[PDB]
Amino acid sequence: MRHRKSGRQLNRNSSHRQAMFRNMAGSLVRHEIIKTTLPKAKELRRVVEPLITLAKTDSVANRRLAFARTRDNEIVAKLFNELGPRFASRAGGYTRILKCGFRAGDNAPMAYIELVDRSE
Amino acid sequence: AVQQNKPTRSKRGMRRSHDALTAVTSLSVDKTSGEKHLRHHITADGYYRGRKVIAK
Amino acid sequence: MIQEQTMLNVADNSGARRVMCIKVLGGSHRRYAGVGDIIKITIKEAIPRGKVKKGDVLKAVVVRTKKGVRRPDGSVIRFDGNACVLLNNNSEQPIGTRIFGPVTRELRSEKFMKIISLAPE
Amino acid sequence: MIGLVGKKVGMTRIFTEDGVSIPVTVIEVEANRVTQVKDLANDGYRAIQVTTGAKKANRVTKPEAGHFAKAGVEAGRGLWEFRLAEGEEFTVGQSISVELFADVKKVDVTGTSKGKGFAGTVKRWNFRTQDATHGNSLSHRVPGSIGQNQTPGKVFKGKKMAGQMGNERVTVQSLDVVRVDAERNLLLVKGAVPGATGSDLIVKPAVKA
Amino acid sequence: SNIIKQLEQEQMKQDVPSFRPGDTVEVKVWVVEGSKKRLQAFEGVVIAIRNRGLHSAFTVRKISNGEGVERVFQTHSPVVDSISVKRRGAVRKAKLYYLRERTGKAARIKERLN
RNA sequence: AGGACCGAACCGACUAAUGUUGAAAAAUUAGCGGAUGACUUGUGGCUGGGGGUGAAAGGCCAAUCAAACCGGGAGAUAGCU
RNA sequence: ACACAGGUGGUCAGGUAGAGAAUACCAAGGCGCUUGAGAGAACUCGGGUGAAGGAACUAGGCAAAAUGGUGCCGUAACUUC
RNA sequence: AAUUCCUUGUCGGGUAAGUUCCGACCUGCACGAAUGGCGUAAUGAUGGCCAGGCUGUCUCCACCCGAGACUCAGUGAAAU
RNA sequence: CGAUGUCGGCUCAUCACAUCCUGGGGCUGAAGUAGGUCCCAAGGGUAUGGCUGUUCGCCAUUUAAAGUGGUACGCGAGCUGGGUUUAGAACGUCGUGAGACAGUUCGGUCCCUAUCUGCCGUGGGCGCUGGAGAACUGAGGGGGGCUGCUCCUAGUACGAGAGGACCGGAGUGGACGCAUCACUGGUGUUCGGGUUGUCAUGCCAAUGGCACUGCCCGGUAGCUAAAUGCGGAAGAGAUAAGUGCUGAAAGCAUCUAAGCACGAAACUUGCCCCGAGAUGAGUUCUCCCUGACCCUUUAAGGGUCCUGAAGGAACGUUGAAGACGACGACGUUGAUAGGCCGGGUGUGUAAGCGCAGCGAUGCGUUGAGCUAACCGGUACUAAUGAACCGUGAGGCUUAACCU
Numbered sequence: 001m002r003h004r005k006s007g008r009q010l011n012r013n014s015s016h017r018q019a020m021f022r023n024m025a026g027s028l029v030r031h032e033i034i035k036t037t038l039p040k041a042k043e044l045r046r047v048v049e050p051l052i053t054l055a056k057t058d059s060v061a062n063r064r065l066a067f068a069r070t071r072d073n074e075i076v077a078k079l080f081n082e083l084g085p086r087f088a089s090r091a092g093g094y095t096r097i098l099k100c101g102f103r104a105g106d107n108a109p110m111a112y113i114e115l116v117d118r119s120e
Numbered sequence: 121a122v123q124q125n126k127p128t129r130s131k132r133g134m135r136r137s138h139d140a141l142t143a144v145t146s147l148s149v150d151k152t153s154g155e156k157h158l159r160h161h162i163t164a165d166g167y168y169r170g171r172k173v174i175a176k
Numbered sequence: 177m178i179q180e181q182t183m184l185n186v187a188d189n190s191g192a193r194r195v196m197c198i199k200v201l202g203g204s205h206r207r208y209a210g211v212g213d214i215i216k217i218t219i220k221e222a223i224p225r226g227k228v229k230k231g232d233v234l235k236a237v238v239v240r241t242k243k244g245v246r247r248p249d250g251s252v253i254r255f256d257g258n259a260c261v262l263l264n265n266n267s268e269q270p271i272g273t274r275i276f277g278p279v280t281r282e283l284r285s286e287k288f289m290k291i292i293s294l295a296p297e
Numbered sequence: 298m299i300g301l302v303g304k305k306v307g308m309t310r311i312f313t314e315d316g317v318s319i320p321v322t323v324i325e326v327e328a329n330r331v332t333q334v335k336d337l338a339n340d341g342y343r344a345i346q347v348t349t350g351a352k353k354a355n356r357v358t359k360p361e362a363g364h365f366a367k368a369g370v371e372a373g374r375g376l377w378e379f380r381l382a383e384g385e386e387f388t389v390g391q392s393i394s395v396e397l398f399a400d401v402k403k404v405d406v407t408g409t410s411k412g413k414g415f416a417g418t419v420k421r422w423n424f425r426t427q428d429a430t431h432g433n434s435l436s437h438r439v440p441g442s443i444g445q446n447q448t449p450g451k452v453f454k455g456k457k458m459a460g461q462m463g464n465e466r467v468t469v470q471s472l473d474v475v476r477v478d479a480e481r482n483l484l485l486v487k488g489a490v491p492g493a494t495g496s497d498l499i500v501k502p503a504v505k506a
Numbered sequence: 507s508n509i510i511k512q513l514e515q516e517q518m519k520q521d522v523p524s525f526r527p528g529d530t531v532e533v534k535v536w537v538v539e540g541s542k543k544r545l546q547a548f549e550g551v552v553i554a555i556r557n558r559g560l561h562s563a564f565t566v567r568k569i570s571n572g573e574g575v576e577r578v579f580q581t582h583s584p585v586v587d588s589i590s591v592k593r594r595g596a597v598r599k600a601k602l603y604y605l606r607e608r609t610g611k612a613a614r615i616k617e618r619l620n
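Protein chains in written order, with our numbering: chain A, 1 to 120; chain B, 121 to 176; chain C, 177 to 297; chain D, 298 to 506; chain E, 507 to 620.
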């Protein structure tokens, strides 16, 4: 059963997931938008916003302790400094999602995960 | 197990009753995109309700 | 605990070391349990000085259940022993003359009086 | 008396001065006013049927709107029959409460069980687990045998194995009246009731124990 | 929920200290022996965690007779009545269950201070 | 020093599990044994079917072994199906 | 028979830890094993953990568990010493 | 007794309770001296048995993490 | 015999009654007491170990009682492989020998993804006659049916005492079921911390990675037992064996022939669940449609135009629902998920900075920081917005009412 459990396995074990999420986190910062499988985006949503919350507040500590949550200088450099004023314009909700249907390798519904404050 | 006996043609088409793809009536129109597009997804020019998501 | 086996402690001067249960009485195939019930015993080790013999079949009362017993609100007194007081087997009387060990209030209730006069806590 | 439909909305245990804290389940009643009626002028029945309200007046249909308005307005996500032959009640809403069970001291409580679904031998039918690694070759949670040989040639109707758990109405009887709070609309019952939180549940008077 | 919160405040009616394990305590509990409102002392070793709101836990090591008990305290039961804090200490773990195994001598722990 | 000990390599196959229309016409995994020798292996060489070889089981001698395989006697013969 | 979880000899033999061609993590260097994507059931497999009891299991403590290193102490029956 | 049919022989030890086991007894169906007899330290992936530690083996099963199963999309069998 | 796998176990049962217990009686050498024996009774229940390959048996200790027998001496396309019986090997024995052994011993591949029947669940059509949406009646079917002890009665009846009930009542358990995490605990790789090795993040520090979750402690929600609650009833109805009245045949007698009365855990109910495909398709309530034409044997329709509704699904967002469908909830007039804020919970004084100590590290800052699956609130994000499917006032017969 999974009654009031949340968190998908996805592909593999948690040990794949934490690498796989850290990649996609940084890729989000790095390039703005990501097109991927619809379940995947709606799972990565849950746990990348916590980088974004830590980063709309100025802290030196929480940056280094927020590098316990990421790795890569660049993305915690973009966060805070460049995606800080992006996300100082609100609390709550740091992506819009929207969707895009099946994939051409096999039929698998895809969605989007992308920043909402630049996406124009 | 390993079956016995030969199923009849009937018995095939009887399972294939339930086999088919759902007719979604896929085409649909927005006032933000009059395209002939599948609803709740891309219009093929990025829109969903307007707003281009695509850069490719 | 378990109807078969277990190695129980002596909470009383007579007998010593490991003391096997062989049937948690009340029967009907009683599964685990025993908290303050009379249970058919066979002592496996006995006190080496003084004699009541080893290998005898006796009865004992479990007064110190390592899983636990409880009431009045279901607040659990969880023992760290597995001990009992050996009892006459044709009767019910303590053979042991001193008892040391905390005991259950379910032995205060009903005819068992002898046990709970000679042990504290 | 009749039982009325509240909803369970948590579970607690409530202390008394004599040192017992019995288990409790806090069913929250909220008005059950008498909407539809079924009478012996219409034969077969002598129930009464009631409401609990509902979140919107847009979440139900035109048929599911009519029947209501022909007995005052109050919403409804449901109606549940409650036989009676005396203890007569009447078609206009009445908004009766826990207040019933302040002269009742037994109750039943008749909600819906939560269920898990899938079912399975051991997990639902409570068979043994064996051949863990002592001669394992599939055998764990298997039903083992299910039948004999050719002198029944078949397996009897209603034989347990696989299927379904719960998602049905259930009751265990009793689940006594502990406190009647007719003004916060709490009903503190004795022990664990039918289903998880959010289940509807009648609370009939037992005379069945 | 809100509806088991209101009820739960209705039953919060103890006013107690704050207990950080490694507490020595002396619990005085209504025995109700034969309708006696005597109160029996239970100096013990707190181990288990309090709170979970209303419902709380504490527990004893007694070492009565070379071995003890554990006795869950609620701090909201009338049976509890009143509970002395006594000596308290510093230890990083919030359980001292290695005191069931490792027993006396290593039962000792550092002091919290004040 | 040792057909010594503990143990990788290497060799070998004691247990169990998984496979058993396999991943595979004998393997895989976790354990296991032996381990400078009565060792082990590469290269090459040598023993031929009523024969070899065999620390010996009727085992092995090309996924075949109480008499190999192939051709031929031969469309053996079969009161048998 | 397959781009087959198998088999296949010699040569080169890096760091740290470690006794080490163990092992763990890294080099140099080369790869992710040619269906993916979901839901996470039952059940099956593969593991991990289990309150209390501790062989009651079973043909049998099979498996697993638990034991394990190094230094130091201390070491019995017996004996072909 | 890896030998003994009757046989769970009989007695003793161990076990709470021991058709096995172990020590004996000798009524050896139908042991026996190089188709070696009786011992035997050491050795053993040896047989059998007991005991300690230890345990999901069991009591008494539960949850979890993975690989399938299940579902989609592509590909696409089998014995019968 | 063109393969019907042996025994035993395990697992899973199910039936029969020639009944072991409970139930109800008869007789009793029926003092009581437990019984003995027999009649009726299958509703329910009906033991673990020790030895042995054996089922069995013997033994040990309970138990209310550990029934008996059948089901391919029940069950291997469910498990096991110990025995018997493969090929190895040996002893004693038999045999000249090779070899042999219902004598014995140690070792020794248990295969198969289910088409169909059957079962346990669960959908998809169509139907139920205008079409729908809900709510039920209850025909039937299934589940469930156990019982000790103690206390009261009453130390009464009985008994020479010792001993010691009946009838009935209460209470507290055992076994079994059912429900549920609130409590007690377990798990909790998805939460927090410690810690071993090493590699990395330029380096230090601090971390992250990897090592069966690296190791290890604690733990949230949920699920769950070892936890906790609850359940097997009373009482009816009609009876069995039985116990009777009244009572002829057969002036009496006679429980039966006429007629009536009680009488069991059986049976019919009462209780709980499934339950109108109950095609005998039931009933109650509500809602939506009350436009034209044309071509026909025409009153039976077929087609065309305009409407297309109520409602459904689809689809999305998801749920203490879930294999998939299904069901449940919501889709901006919104709390439906996630996020956010706050709470709570669990860990246990983060990092950095300052000070002390040569250092390791401590203290202070700071019961700090972190914190999910939870709870409360909050539109921050996505639930976009058309569409689609579904139609268009109801066949005949007859009765009743209405002009």
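Note that CB positions come from ideal geometry on N, CA and C, so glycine has one too.
Item to complete: Tell me whether the beta-carbon of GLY101/A lies closer than 9 Å to the beta-carbon of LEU158/B.
Response: yes
Item to complete: Would you kindly work out how many angstroms separate the C-alpha atoms of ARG4/A and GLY463/D, rounded to a whole number?
Response: 17 Å
Worksheet item: With a cut-off of 9 Å, does the C-beta of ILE253/C fall near any C-beta of chain E?
Response: yes
Fill in: Cβ-based neighbour list, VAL357/D, same chain, cut-off 7 Å, excluding 5 preceding and 5 following
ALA351
Worksheet item: Run through DSSP, which three-state label would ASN81/A get?
Response: helix
Item to complete: Kindly list, in the order they appear in chain E, the residues whose Cβ is closer than 7 Å to that of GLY257/C.
Response: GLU573
Worksheet item: Comparing alpha-carbon positions, which option in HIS364/D, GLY441/D and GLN461/D lies nearest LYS411/D?
Response: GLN461/D
Item to complete: For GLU383/D, count neighbouring C-beta atoms within 10 Å of its own C-beta (all shown protein chains included) and say buried if the count is 16 or more, exposed if not.
Response: exposed
Worksheet entry | Within-9 Å CB hit, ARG171/B to chain A | yes
Discussion item. Within 10 Å of its beta-carbon, does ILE178/C have 16 or more other beta-carbons around it, so buried, or fewer, so exposed?
Written reply: exposed
Worksheet item: Which chain C residues sit within Cβ distance under 8 Å of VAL585/E?
Response: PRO248, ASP249 and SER251
Worksheet item: Which residues in chain C sit within 7 Å of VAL317/D, going by Cβ to Cβ distance?
Response: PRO248 and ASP249
Worksheet entry | Buried versus exposed call for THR407/D [16 or more other C-beta atoms within 10 Å across all chains shown] | buried
Item to complete: Classify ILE97/A as helix, strand or coil using the three-state DSSP reduction.
Response: coil
Item to complete: Run the CB neighbour count on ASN446/D, radius 10 Å, all protein chains shown included, and call it buried at 16 or more, exposed below.
Response: exposed
Worksheet item: What is the rounded straight-line gap between the Cα of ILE223/C and the Cα of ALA192/C?
Response: 5 Å
Worksheet item: For the stretch 270-291 of chain C, which residues have a beta carbon sitting closer than 7 Å to at least one beta carbon of chain E?
Response: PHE276, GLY277 and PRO278
Worksheet item: With respect to the alpha helix (DSSP H) encompassing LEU51/A, which residues constitute its N-terminal and C-terminal limits?
Response: 38-54
Worksheet entry | Cross-chain neighbours of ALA140/B in chain A, by beta carbon under 8 Å | Result: empty, since nearest Cβ-Cβ is about 16 Å, beyond 8 Å.
Discussion item. Please classify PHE564/E as buried or exposed, where buried requires at least 16 other C-beta atoms within 10 Å of its C-beta.
Written reply: buried
Worksheet item: Do you know whose CA, among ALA596/E, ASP587/E and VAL535/E, lies nearest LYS519/E's CA?
Response: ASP587/E
Worksheet item: Where do the N-terminal and C-terminal ends of the beta strand (DSSP E) with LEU483/D fall, by residue?
Response: 483-486
Discussion item. Quick check: is the beta carbon of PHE398/D nearer than 9 Å to any beta carbon in chain C?
Written reply: no
Worksheet item: In angstroms, rounded to a whole number, what distance separates the CA positions of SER562/E and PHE379/D?
Response: 41 Å
Item to complete: Just grab the DSSP bridge partners of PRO320/D for me.
Response: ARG310/D
Item to complete: Find out if the Cβ-Cβ distance for the pair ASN189/C, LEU234/C is shorter than 9 Å.
Response: no
Item to complete: Since I believe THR418/D is in contact with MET458/D (beta carbons under 8 Å), could you give me their beta-carbon distance rounded to a whole number of angstroms?
Response: 5 Å
Item to complete: Output, in sequence order along the chain, the residues in the stretch 521-555 of chain E whose CB is closer than 8 Å to any CB in chain D.
Response: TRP536 and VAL538
Practice prompt. With a floor of 4 residues, list each alpha helix (DSSP H) that falls wholly inside the stretch 356-437 of chain D, ordered by position along the chain.
Written response: 360-366
Fill in: Near-chain A residues of the stretch 131-164 of chain B (beta-carbon distance less than 9 Å), N- to C-terminal order
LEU158, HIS160, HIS161 and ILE162
Fill in: Beta-carbon gap between residue 512/D and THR349/D smaller than 9 Å
No answer is possible for residue 512/D: the residues shown for chain D start at 298 and end at 506.
Worksheet item: If you pair each beta-carbon of the stretch 365-378 of chain D with each one of the stretch 473-481 of chain D, do three or more pairs fall below 8 Å?
Response: no
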